[PDB]
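The next block holds one structure in the form of structure tokens; read it before the comments.
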Amino acid sequence: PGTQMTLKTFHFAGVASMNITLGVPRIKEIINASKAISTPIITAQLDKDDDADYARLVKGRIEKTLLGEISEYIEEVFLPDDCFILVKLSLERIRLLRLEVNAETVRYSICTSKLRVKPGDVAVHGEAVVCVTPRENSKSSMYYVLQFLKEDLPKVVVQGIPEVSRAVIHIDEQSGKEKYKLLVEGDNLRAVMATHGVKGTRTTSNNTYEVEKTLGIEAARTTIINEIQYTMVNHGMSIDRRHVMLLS
Amino acid sequence: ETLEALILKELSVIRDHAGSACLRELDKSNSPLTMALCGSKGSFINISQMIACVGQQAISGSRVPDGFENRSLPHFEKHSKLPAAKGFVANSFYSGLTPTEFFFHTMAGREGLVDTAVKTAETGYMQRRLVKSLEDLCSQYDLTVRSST
Amino acid sequence: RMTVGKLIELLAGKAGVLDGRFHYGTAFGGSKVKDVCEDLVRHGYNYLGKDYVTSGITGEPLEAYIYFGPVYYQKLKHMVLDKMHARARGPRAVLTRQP
Amino acid sequence: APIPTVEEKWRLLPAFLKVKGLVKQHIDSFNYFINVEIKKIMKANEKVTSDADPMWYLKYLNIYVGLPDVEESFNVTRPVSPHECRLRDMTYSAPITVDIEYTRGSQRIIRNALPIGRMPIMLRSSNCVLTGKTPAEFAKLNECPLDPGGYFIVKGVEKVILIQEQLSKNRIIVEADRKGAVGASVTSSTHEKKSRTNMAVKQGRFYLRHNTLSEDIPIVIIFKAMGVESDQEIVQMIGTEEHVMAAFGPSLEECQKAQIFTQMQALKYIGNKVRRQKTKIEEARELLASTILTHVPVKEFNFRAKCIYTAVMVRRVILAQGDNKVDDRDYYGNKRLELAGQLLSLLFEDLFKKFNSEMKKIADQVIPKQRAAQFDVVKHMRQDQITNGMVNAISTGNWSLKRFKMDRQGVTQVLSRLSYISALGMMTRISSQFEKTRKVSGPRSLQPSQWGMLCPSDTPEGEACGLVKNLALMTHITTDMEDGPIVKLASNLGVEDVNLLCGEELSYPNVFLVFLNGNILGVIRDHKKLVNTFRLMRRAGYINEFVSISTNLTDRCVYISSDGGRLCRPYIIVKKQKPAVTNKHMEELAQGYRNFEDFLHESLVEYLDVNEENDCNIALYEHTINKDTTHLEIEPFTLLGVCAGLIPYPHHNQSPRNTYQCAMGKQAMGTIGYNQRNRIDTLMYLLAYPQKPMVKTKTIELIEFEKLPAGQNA
Amino acid sequence: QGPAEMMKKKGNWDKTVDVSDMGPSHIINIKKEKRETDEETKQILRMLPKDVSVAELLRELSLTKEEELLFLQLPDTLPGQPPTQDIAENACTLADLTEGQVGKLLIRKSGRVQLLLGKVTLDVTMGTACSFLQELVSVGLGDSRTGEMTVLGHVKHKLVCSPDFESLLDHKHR
Amino acid sequence: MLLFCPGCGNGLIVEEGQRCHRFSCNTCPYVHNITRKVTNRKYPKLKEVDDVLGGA
Amino acid sequence: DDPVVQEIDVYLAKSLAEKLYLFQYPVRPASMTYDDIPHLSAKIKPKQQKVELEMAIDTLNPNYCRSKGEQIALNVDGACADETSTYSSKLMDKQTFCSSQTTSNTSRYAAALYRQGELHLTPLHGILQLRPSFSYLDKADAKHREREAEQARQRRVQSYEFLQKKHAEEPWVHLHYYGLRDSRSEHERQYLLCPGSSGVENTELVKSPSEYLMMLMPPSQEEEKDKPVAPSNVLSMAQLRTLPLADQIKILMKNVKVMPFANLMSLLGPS
Ligand SMILES: [Zn+2]
């Protein structure tokens with residue numbers, strides 16, 4: 001097949017976006033069984049496929065979010081007797097995003113992967129603004145390290161799966177059903193399955209290694225055959241299934 | 001992208017209806033038509049280029065990129081987006097192409113012609129790596145599939 | 001293959017030979033078909049180059065008309081007298097004693 | 001109503017071709033070499049010095065190359081024809097002699113005639129028999145009037161030196177690594193200094209890389225070592241843009257943490273890091289003075305010039321973060337061509353230098369001590385070395401310029417005499433560097449910068465598709481310039497020396513830079529008036545017509561180019577909605593009063609480099625002219641080359657069909673020359689009764705192809 | 001609304017110690033710290049425009065008629081000859097020119113500035129303004145070892161002078 | 001935001017001021033004492049509208 | 001559009017030509033000047049003119065960390081030795097600046113003073129940038145380090161040491177400082193106001209624009225490679241420069257076979 005193939009254009013699954021590699025390079029990667037791979041697509045099924053707003057809500061629950069985006073304003077603060085970092089939260093935006101967050105959730109995120117800071121260093125004034133206090137560096141660096149901290153915390157994750165990049169709601173139109181379904185990229189299946197709302201027992205990953213790591217090798221054996229047949233036909237070459245079953 | 005999808009959409013419609021407004025006027029006993037009906041040689045989409053209109057010459061599935069600063073050639077204004085300035089060729093092979101159209105069309109020809117050798121570069125080593133791991137399996141008289149051991 | 005220039009060349013060459021003139025075929029120019037077509041009818045040939053033809057095996061006329069004309073053909077260096085080759089049991093390499 | 005067309009434009013093409021054009025690249029380059037370059041290269045090594053005995057020296061004063069002749073067994077000579085050399089396996093060459101002076105205890109010994117070696121001669125160059133002859137007296141030499149020339153004869157086998165393609169030098173470029181991290185690099189090539197330099201941003205702070213250092217080194221430490229001691233200067237030389245400085249800011253914390261703040265502290269800090277075979281101060285300083293960013297000039301220890309050079313390059317990196325896009329690797333404006341002259345000159349340099357030094361070896365071994373009386377150099381002034389080196393390089397086809405450190409191969413090919421076309425199409429060929437060493441895969445395709453300079457439809461079948469290519473039918477390749485006057489015009493027109501400025505100035509959006517061949521000149525306002533002044537003076541003809549000027553408003557810099565090796569092409573000038581040329585001019589040219597050169601000085605046509613081609617607008621046919629036009633296309637079919645010019649009606653066929661014919665014209669059996677019966681070649685194919693085509697192109701009349709036809713009409 | 005979003009920060013942050021008029025708290029107003037621009041160097045608050053040469057002269061002549069120092073850039077050569085020196089290759093220059101009145105300067109309708117130079121006219125253009133400071137000085141070297149020095153003032157703006165080659169080659173085209 | 005010493009031109013650094021906090025030069029005795037309250041403004045970017053409104 | 005406004009005259013002064021020098025501080029924004037600062041010593045090396053300054057700075061003031069001043073004062077000089085002490089007092093009461101040469105030729109640059117109705121010009125004998133000296137760290141390091149502690153030919157003509165010896169051969173010439181507030185400044189500033197009438201025809205500036213162009217931008221090549229007898233192809237419409245007429249017609253008539261004379265004088269000129 002690798003010789004007769006045309007490898008035609010316009011493969012976007014009907015959403016004019018999020019194309020993937022096909023043909024010779026894809027097969028060259030399926031068979032190498034590399035435990036790491038690009039384009040780590042994951043599919044998932046909703047609890048109700050017509051609940052559009054709830055679909056968006058679970059999307060928000062699963063998508064990665066950062067302190068530097070949930071806030072429209074951040075500032076370093078210097079006072080003659082104190083120094084501290086300030087953040088102003090985007091309240092109306094959070095309502096609009098339907099994000100299930102609260103100011104203090106940042107505090108819980110704080111003291112994780114941030115080197116000796118304590119929750120008491122954070123002054124949660126209220127729903128609008130929260131702030132954090134520095135500490136004596138005491139070695140290898142000076143107190144004015146504030147600058148490094150001030151530009152670093154905005155990067156910290158506050159809500160969502162760390163390993164996900166983005167998720168897209170796919171819609172269909174056929175007479176059987178005009179409904180929605182959720183498509184996600186990111187190389188960790190176990191996380192997406194472990195949430196409310198998602199019909200986890202139907203979730204499917206394109207990369208072999210993850211499904212093997214989570215569902216066992218007998219599920220890997222089936223994902224190979226699905227994947228090879230999927231790529232062959234989505235080109236349009238006919239290979240008898242018994243010829244691929246042996247390979248798996 | 002929204003704009004460009006509309007552009008390629010309209011241009012494709014131009015070719016679809018141009019071929020449509022050609023296939024019905026051809027006589028029976030016309031030769032390209034006969035050889036394309038029975039299917040031995042050619043295709044309808046091919047007759048349309050050879051008579052009616054050659055299409056948008058996409059490079060790797062996109063409109064021809066801008067080579068110079070914000071334009072494909074000097075012969076067109078900077079930041080211009082009109083169809084002719086990004087690959088569309090309005091002539092058929094019967095009226096004959098014009099300098100810019102000829103240059104863009106030969107660019108799309110060379111893109112493919114580079115491929116034929118290259119797409120054999122990986123094929124050979126799948127053909128090798130596979131058979132070198134899998135040529136030993138054979139089917140026994142008890143209907144099982146067994147390796148050498 | 002879509003070689004239309006080969007369809008045209010065979011026509012312009014015909015009007016050239018019948019009138020005694022060499023026709024230009026430059027790029028983005030050359031002699032136009034809308035114009036050569038009338039030199040044929042001046043000599044009594046069909047204005048699109050296809051002619052009557054009679055079968056030399058049966059003697060009864062063909063059922064279609066046929067496209068006659070003069071085309072430039074150029075012979076190439078790859079001859080078959082130079083390419084045939086067959087071995088029974090000739091010499092062998094010393095290091096690894098196969099042919 | 002349309003503009004009245006000047007229908008006779010095509011006459012200009014024979015006028016251009018009867019002086020320039022096909023095969024003339026090779027001939028002109030060799031002609032330039034043997035007549036002005038050999039003299040400079042000898043001048044650069046005019047005197048050798050003794051080991052002892054002051055005022056003992058040996059001096060060259062002038063050098064000659066003569067005309068071709070043959071050895072004979074009685075130390076006697078006769079001139080020879082090209083064909084006697086083809087038939088006798090000899091080597092078509094001419095002796096080299098020098099006017100040497102050498103010491104004798106007596107104050108002088110003059111010489112004028114001394115054989116130092118041999119030089120092969122390119123056919124039809126100014127020192128060969130065939131030049132200037134008439135077709136009726138070609139017959140007496142057994143040579144053919146139509147033969148292209150431009151190739152050599154060595155050991156009896158005709159050989160060609162293919163046109164090579166190089167990447168441009170001394171020119172900064174920023175790029176994204178495989179890991180995504182940005183970087184920048186230049187090759188600071190003087191006559192020998194091919195050494196590279198590089199910088200990295202690997203972690204969020206900028207650093208340099210070199211073979212000379214054992215680790216990597218950040219920007220600010222070198223800025224301190226360079227003589228910029230204070231911190232206030234840096235924000236000047238980088239700019240006052242808040243996000244730019246914000247990005248730069250962290251790139252100095254790791255520096256100011258280290259308590260190194262004055263130049264010598266830095267020097268002794270980096271001095272310990274050198275790859276050697278307190279002294280570290282001077283050892284570091286010479287390194288920073290002579291071996292890093294060498295192409296940028298400085299007077300003694302006035303480091304300011306290269307300080308700003310680092311500043312500008314770093315600024316580009318910063319703005320690379322805002323937008324990742326860069327200039328493509330293969331935009332033809334950034335690629336240079338090497339002909340026979342540059343290749344051969346680089347070889348003769350090393351060979352002559354090594355001759356002189358080896359002569360010194362034997363001299364030093366005897367002269368002071370080995371006799372009671374002075375030695376004579378004529379006892380050792382030997383002359384087979386130059387001959388051996390030259391002939392072996394041309395015949396074998398691979399050179400080792402071990403001073404330059406390059407060991408390329410595939411520089412020569414035997415001239416294919418399959419037909420008439422194969423010879424010509426061979427003469428205009430170009431090879432390339434990649435040679436399937438890396439998976440670039442991009443450069444095989446065609447880029448729009450190739451318009452008109454290179455043939456679109458000529459590229460070999462098979463694996464080398466897109467690597468080899470062929471020159472178009474009207475294109476000139478420019479020679480190098482002596483750089484004298486052009487600096488003066490900028491100095492007067494409004495440039496302000498950067499040496500006098502602080503650094504804030506390059507920040508304002510109302511100022512532009514100006515470079516010349518990748519070298520910095522000053523700072524300018526109203527770039528437009530510079531361009532208008534330049535073209536207005538170049539049209540009237542003070543400056544050389546091949547000098548080019550161009551602008552890049554995103555970078556707010558203006559580029560001046562005068563280096564040699566970049567292609568150029570003529571266009572008609574247009575102004576105020578009408579072409580400059582007129583039908584009356586064109587009639588005069590037909591009558592023979594005015595020739596091409598007149599058109600050049602009357603400001604009716606001009607050369608446009610591809611790099612300058614970017615800024616103007618060109619109309620194809622005159623009826624498409626509008627307000628914005630700036631030139632016009634002389635004859636559009638010159639987009640096509642020499643083998644693509646046999647195809648009639650190529651603009652009707654599907655292009656893959658025209659590429660395949662471009663490689664079967666080079667194989668059709670036909671005729672080879674008028675002397676075809678007298679040559680004894682290893683293999684030669686002829687047709688018995690050849691006929692000329694009935695439908696014929698116009699390029700098929702410029703190359704006189706229907707005098708040597710290769711087909712039949714069926 | 002600004003203050004409405006600001007109230008929570010107002011409730012905690014609004015302290016300051018700027019009333020401490022004593023050593024380890026005070027700042028003298030002349031010893032400000034420095035930011036990268038002269039215009040931006042107004043950091044301790046108690047709470048660029050465009051111009052054309054003709055306008056600058058107009059202000060210095062009418063709106064406030066006062067003398068001021070300038071600095072100009074001269075072209076490489078003047079349209080005379082090296083006085084009694086006859087060029088070797090020395091260009092006619094101002095360096096050795098005679099004292100006193102030497103010429104005039106004129107500006108046109110529509111604001112073109114030009115410099116009357118004998119038979120010919122030369123164009124003048126403004127250079128680049130800067131934030132930093134420049135001054136003019138001189139030295140009274142009366143003795144072989146010692147002397148006295150004087151400073152005359154600060155230069156404000158600088159100019160370039162350049163002949164228009166278009167109006168120069170037009171006398172008779174090459 | 002970077003700040004330079006008027007005394008020596010080098011960037012100023014904050015230190016543990018004795019009564020009120022302090023910018024100080026790393027080398028020269030020039031110093032600066034914090035009197036006023038001061039902040040710098042970041043204004044980060046927010047999420048786009050397409051998929052924030054799409055699907056409600 | 002005519003030169004209708006602001007027709008100001010121009011004047012030149014040579015009285016201060018050898019005295020004018022231009023000093024600037026890139027580190028000092030224009031919004032303040034050094035008028036209040038006493039410069040305690042000034043110096044020049046006239047040969048290869050280069051300048052050094054020395055000036056005072058206040059110490060009692062709150063923006064002075066007197067503790068830091070004392071601590072570093074004990075270090076930049078010998079703590080209690082003061083062999084080459086730069087500050088007899090234990091505090092940094094003074095600073096020094098260095099200078100850097102800006103160009104090798106100041107001739108094309110002149111100072112200009114504007115006055116209502118008159119402009120006065122004078123060349124500049126030199127332009128130097130100014131640098132704040134950071135050398136005190138260097139001598140602190142030197143103090144700490146010292147506390148812790150015929151002939152063959154050469155090819156070293158380009159040596160740093162050689163040019164530093166040439167530089168060291170000139171001893172430093174000292175000057176007495178006087179600020180801009182001194183009446184000395186105006187007393188000498190008047191010298192630039194050169195005497196003369198409002199306007200007189202200049203002895204120079206006589207050359208014509210065509211003449212001015214030719215010697216402004218002279219031919220780079222002073223002798224032509226080939227003769228105008230046409231040993232190689234040569235211009236035809238641009239009449240041969242010096243060729244005798246009898247040979248000019250010969251050149252013209254080798255091109256065209258037959259020709260009625262009536263069109264010739266267009267080529268050889270009506271004269
Ligand atoms: Zn400081």
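Labels used: A, B, ... for chains in the order of the structure tokens, numbers from 1 for residues in each chain, and numbers from 1 for ligands as shown.
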* Go through segment 56-232 of chain A and collect every residue that DSSP, computed from the backbone, puts in strand (DSSP E); the answer should be as a ChimeraX atom specification. => /A:65-66,71-78,83-89,122-123,129-132,157-159,166-171,180-185,204-205
Dump the neighbourhood of ligand 1 as number ranges by chain: all residues within 9 Å, distances computed on only C-alpha atoms and all ligand atoms.
F: 4-13, 24-31
Spatial neighbours of residue 3 of chain F, 12 Å, only C-alpha atoms, chain gap at least 6 places, as a list in words |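 Near neighbours after the sequence-gap exclusion: residues 231, 232, 235, 245, 246 and 249 of chain D; 32, 33, 34, 35, 36, 37, 40, 41 and 43 of chain E; 9, 10, 11, 12, 13, 14, 23, 24, 25 and 32 of chain F.
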Produce a file of the selected residues containing N, CA and C atoms, as a PDB file, in the first residue's frame.
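New file again_20.pdb:
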ATOM      1  N   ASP D 231      25.995  50.220  33.521  1.00  0.00           N
ATOM      2  CA  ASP D 231      24.750  49.553  33.175  1.00  0.00           C
ATOM      3  C   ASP D 231      23.804  50.453  32.401  1.00  0.00           C
ATOM      4  N   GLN D 232      23.880  51.761  32.630  1.00  0.00           N
ATOM      5  CA  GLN D 232      23.004  52.702  31.941  1.00  0.00           C
ATOM      6  C   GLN D 232      23.168  52.631  30.431  1.00  0.00           C
ATOM      7  N   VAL D 235      20.770  49.747  28.339  1.00  0.00           N
ATOM      8  CA  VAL D 235      19.402  50.069  27.962  1.00  0.00           C
ATOM      9  C   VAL D 235      19.391  51.044  26.798  1.00  0.00           C
ATOM     10  N   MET D 245      13.028  45.875  27.029  1.00  0.00           N
ATOM     11  CA  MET D 245      13.887  45.865  28.207  1.00  0.00           C
ATOM     12  C   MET D 245      13.379  44.869  29.236  1.00  0.00           C
ATOM     13  N   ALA D 246      12.059  44.742  29.364  1.00  0.00           N
ATOM     14  CA  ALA D 246      11.513  43.768  30.300  1.00  0.00           C
ATOM     15  C   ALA D 246      11.984  42.369  29.946  1.00  0.00           C
ATOM     16  N   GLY D 249      15.732  42.229  30.757  1.00  0.00           N
ATOM     17  CA  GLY D 249      16.098  42.449  32.138  1.00  0.00           C
ATOM     18  C   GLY D 249      16.713  41.247  32.826  1.00  0.00           C
TER      19      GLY D 249
ATOM     20  N   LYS E  32      17.118  62.900  42.751  1.00  0.00           N
ATOM     21  CA  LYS E  32      16.224  61.880  42.230  1.00  0.00           C
ATOM     22  C   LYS E  32      17.011  60.709  41.661  1.00  0.00           C
ATOM     23  N   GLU E  33      16.373  59.544  41.640  1.00  0.00           N
ATOM     24  CA  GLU E  33      16.893  58.412  40.893  1.00  0.00           C
ATOM     25  C   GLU E  33      16.508  58.545  39.420  1.00  0.00           C
ATOM     26  N   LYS E  34      17.073  57.670  38.595  1.00  0.00           N
ATOM     27  CA  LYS E  34      17.080  57.853  37.151  1.00  0.00           C
ATOM     28  C   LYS E  34      16.316  56.737  36.459  1.00  0.00           C
ATOM     29  N   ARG E  35      15.403  57.118  35.570  1.00  0.00           N
ATOM     30  CA  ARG E  35      14.802  56.214  34.601  1.00  0.00           C
ATOM     31  C   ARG E  35      15.351  56.522  33.214  1.00  0.00           C
ATOM     32  N   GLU E  36      15.033  55.644  32.258  1.00  0.00           N
ATOM     33  CA  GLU E  36      15.810  55.577  31.023  1.00  0.00           C
ATOM     34  C   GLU E  36      15.596  56.771  30.099  1.00  0.00           C
ATOM     35  N   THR E  37      14.560  57.578  30.307  1.00  0.00           N
ATOM     36  CA  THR E  37      14.275  58.712  29.439  1.00  0.00           C
ATOM     37  C   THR E  37      14.289  60.000  30.250  1.00  0.00           C
ATOM     38  N   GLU E  40      10.887  60.855  31.151  1.00  0.00           N
ATOM     39  CA  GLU E  40      10.373  59.953  32.165  1.00  0.00           C
ATOM     40  C   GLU E  40      11.061  60.126  33.508  1.00  0.00           C
ATOM     41  N   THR E  41      12.029  61.032  33.606  1.00  0.00           N
ATOM     42  CA  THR E  41      12.817  61.208  34.816  1.00  0.00           C
ATOM     43  C   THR E  41      12.093  62.069  35.862  1.00  0.00           C
ATOM     44  N   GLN E  43      10.131  61.076  38.219  1.00  0.00           N
ATOM     45  CA  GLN E  43       9.588  59.960  38.990  1.00  0.00           C
ATOM     46  C   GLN E  43       8.906  60.406  40.285  1.00  0.00           C
TER      47      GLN E  43
ATOM     48  N   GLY F   9      25.531  55.244  37.742  1.00  0.00           N
ATOM     49  CA  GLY F   9      24.894  54.799  36.522  1.00  0.00           C
ATOM     50  C   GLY F   9      24.481  53.347  36.504  1.00  0.00           C
ATOM     51  N   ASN F  10      24.803  52.585  37.541  1.00  0.00           N
ATOM     52  CA  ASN F  10      24.518  51.160  37.563  1.00  0.00           C
ATOM     53  C   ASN F  10      23.126  50.928  38.141  1.00  0.00           C
ATOM     54  N   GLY F  11      22.554  49.773  37.815  1.00  0.00           N
ATOM     55  CA  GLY F  11      21.191  49.495  38.232  1.00  0.00           C
ATOM     56  C   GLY F  11      21.066  49.461  39.746  1.00  0.00           C
ATOM     57  N   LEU F  12      19.981  50.042  40.251  1.00  0.00           N
ATOM     58  CA  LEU F  12      19.726  50.094  41.684  1.00  0.00           C
ATOM     59  C   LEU F  12      18.990  48.847  42.156  1.00  0.00           C
ATOM     60  N   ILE F  13      19.267  48.454  43.401  1.00  0.00           N
ATOM     61  CA  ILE F  13      18.725  47.240  43.997  1.00  0.00           C
ATOM     62  C   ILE F  13      18.114  47.578  45.349  1.00  0.00           C
ATOM     63  N   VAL F  14      17.021  46.891  45.678  1.00  0.00           N
ATOM     64  CA  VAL F  14      16.329  47.102  46.945  1.00  0.00           C
ATOM     65  C   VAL F  14      17.068  46.369  48.056  1.00  0.00           C
ATOM     66  N   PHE F  23      16.280  51.416  48.012  1.00  0.00           N
ATOM     67  CA  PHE F  23      17.199  51.151  46.912  1.00  0.00           C
ATOM     68  C   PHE F  23      18.598  51.592  47.313  1.00  0.00           C
ATOM     69  N   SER F  24      19.593  50.793  46.942  1.00  0.00           N
ATOM     70  CA  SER F  24      20.984  51.139  47.193  1.00  0.00           C
ATOM     71  C   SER F  24      21.831  50.722  46.001  1.00  0.00           C
ATOM     72  N   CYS F  25      22.883  51.493  45.741  1.00  0.00           N
ATOM     73  CA  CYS F  25      23.866  51.092  44.745  1.00  0.00           C
ATOM     74  C   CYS F  25      24.729  49.970  45.296  1.00  0.00           C
ATOM     75  N   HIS F  32      18.750  55.403  48.102  1.00  0.00           N
ATOM     76  CA  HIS F  32      17.417  55.945  47.901  1.00  0.00           C
ATOM     77  C   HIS F  32      16.450  55.217  48.819  1.00  0.00           C
TER      78      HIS F  32
END
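The list of chain B residues within 10 Å of chain A is residues 1, 2, 5, 60, 61, 62, 116, 119, 120, 122, 123, 124, 125, 126, 127, 130, 134, 137 and 145 of chain B; this uses only C-alpha atoms.
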Could you list the residues in chain E lying within 6 Å of chain G, using only C-alpha atoms, and format the result as number ranges by chain? E: 23, 38, 61, 67-71, 73-74, 79-80, 99-109, 118, 131-139, 145-152, 168
* To do: Dump as a VMD selection string the residues of chain F that approach chain A to within 7 Å, counting only C-alpha atoms.
  => chain F and resid 14 20 to 21 34 to 46 52 55 to 56
Since we have the selection now, will you write its residues out, keeping N, CA and C atoms, as a PDB file, in the first residue's frame?
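Once written, out_1.pdb looks like this:
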ATOM      1  N   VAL F  14      17.021  46.891  45.678  1.00  0.00           N
ATOM      2  CA  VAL F  14      16.329  47.102  46.945  1.00  0.00           C
ATOM      3  C   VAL F  14      17.068  46.369  48.056  1.00  0.00           C
ATOM      4  N   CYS F  20      12.840  52.690  56.782  1.00  0.00           N
ATOM      5  CA  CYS F  20      12.036  52.342  55.618  1.00  0.00           C
ATOM      6  C   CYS F  20      12.929  51.665  54.593  1.00  0.00           C
ATOM      7  N   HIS F  21      12.332  50.803  53.771  1.00  0.00           N
ATOM      8  CA  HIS F  21      13.118  50.006  52.838  1.00  0.00           C
ATOM      9  C   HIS F  21      13.861  50.924  51.876  1.00  0.00           C
ATOM     10  N   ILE F  34      12.598  54.524  50.414  1.00  0.00           N
ATOM     11  CA  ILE F  34      11.231  54.419  49.912  1.00  0.00           C
ATOM     12  C   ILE F  34      10.300  55.268  50.767  1.00  0.00           C
ATOM     13  N   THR F  35       9.712  56.295  50.158  1.00  0.00           N
ATOM     14  CA  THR F  35       8.741  57.152  50.825  1.00  0.00           C
ATOM     15  C   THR F  35       7.311  56.832  50.410  1.00  0.00           C
ATOM     16  N   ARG F  36       7.052  56.778  49.111  1.00  0.00           N
ATOM     17  CA  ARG F  36       5.709  56.596  48.588  1.00  0.00           C
ATOM     18  C   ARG F  36       5.394  55.118  48.381  1.00  0.00           C
ATOM     19  N   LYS F  37       4.104  54.833  48.276  1.00  0.00           N
ATOM     20  CA  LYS F  37       3.631  53.553  47.772  1.00  0.00           C
ATOM     21  C   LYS F  37       3.742  53.533  46.252  1.00  0.00           C
ATOM     22  N   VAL F  38       4.137  52.389  45.701  1.00  0.00           N
ATOM     23  CA  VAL F  38       4.431  52.303  44.274  1.00  0.00           C
ATOM     24  C   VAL F  38       4.133  50.895  43.780  1.00  0.00           C
ATOM     25  N   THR F  39       3.604  50.813  42.559  1.00  0.00           N
ATOM     26  CA  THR F  39       3.341  49.550  41.884  1.00  0.00           C
ATOM     27  C   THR F  39       3.665  49.698  40.404  1.00  0.00           C
ATOM     28  N   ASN F  40       3.791  48.557  39.731  1.00  0.00           N
ATOM     29  CA  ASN F  40       3.898  48.499  38.281  1.00  0.00           C
ATOM     30  C   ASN F  40       2.774  47.626  37.736  1.00  0.00           C
ATOM     31  N   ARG F  41       2.329  47.947  36.526  1.00  0.00           N
ATOM     32  CA  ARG F  41       1.095  47.411  35.968  1.00  0.00           C
ATOM     33  C   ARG F  41       1.407  46.352  34.919  1.00  0.00           C
ATOM     34  N   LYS F  42       0.758  45.193  35.026  1.00  0.00           N
ATOM     35  CA  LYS F  42       0.998  44.094  34.098  1.00  0.00           C
ATOM     36  C   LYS F  42      -0.092  43.982  33.039  1.00  0.00           C
ATOM     37  N   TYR F  43      -1.343  43.858  33.454  1.00  0.00           N
ATOM     38  CA  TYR F  43      -2.439  43.688  32.508  1.00  0.00           C
ATOM     39  C   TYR F  43      -2.202  42.491  31.592  1.00  0.00           C
ATOM     40  N   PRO F  44      -2.293  41.269  32.107  1.00  0.00           N
ATOM     41  CA  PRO F  44      -2.176  40.086  31.247  1.00  0.00           C
ATOM     42  C   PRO F  44      -3.382  39.937  30.330  1.00  0.00           C
ATOM     43  N   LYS F  45      -3.241  39.044  29.356  1.00  0.00           N
ATOM     44  CA  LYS F  45      -4.290  38.777  28.385  1.00  0.00           C
ATOM     45  C   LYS F  45      -5.275  37.742  28.927  1.00  0.00           C
ATOM     46  N   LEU F  46      -6.501  37.786  28.410  1.00  0.00           N
ATOM     47  CA  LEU F  46      -7.569  36.868  28.777  1.00  0.00           C
ATOM     48  C   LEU F  46      -7.884  35.914  27.629  1.00  0.00           C
ATOM     49  N   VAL F  52     -15.388  30.503  24.438  1.00  0.00           N
ATOM     50  CA  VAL F  52     -15.920  30.915  25.729  1.00  0.00           C
ATOM     51  C   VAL F  52     -17.411  31.232  25.640  1.00  0.00           C
ATOM     52  N   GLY F  55     -21.234  27.212  22.605  1.00  0.00           N
ATOM     53  CA  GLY F  55     -21.762  26.171  23.460  1.00  0.00           C
ATOM     54  C   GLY F  55     -22.323  26.653  24.778  1.00  0.00           C
ATOM     55  N   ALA F  56     -22.356  27.962  25.014  1.00  0.00           N
ATOM     56  CA  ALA F  56     -22.876  28.502  26.266  1.00  0.00           C
ATOM     57  C   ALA F  56     -22.130  27.924  27.464  1.00  0.00           C
TER      58      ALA F  56
END
Query raised in the report: chain D residues within 12 Å of chain A, counting only C-alpha atoms: which ones, as a PyMOL selection string?
Result: chain D and resi 246-247+249-251+253-254+256-258
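Between atom CA of residue 174 of chain A and atom CA of residue 11 of chain A the interatomic distance comes to 19.4 Å.
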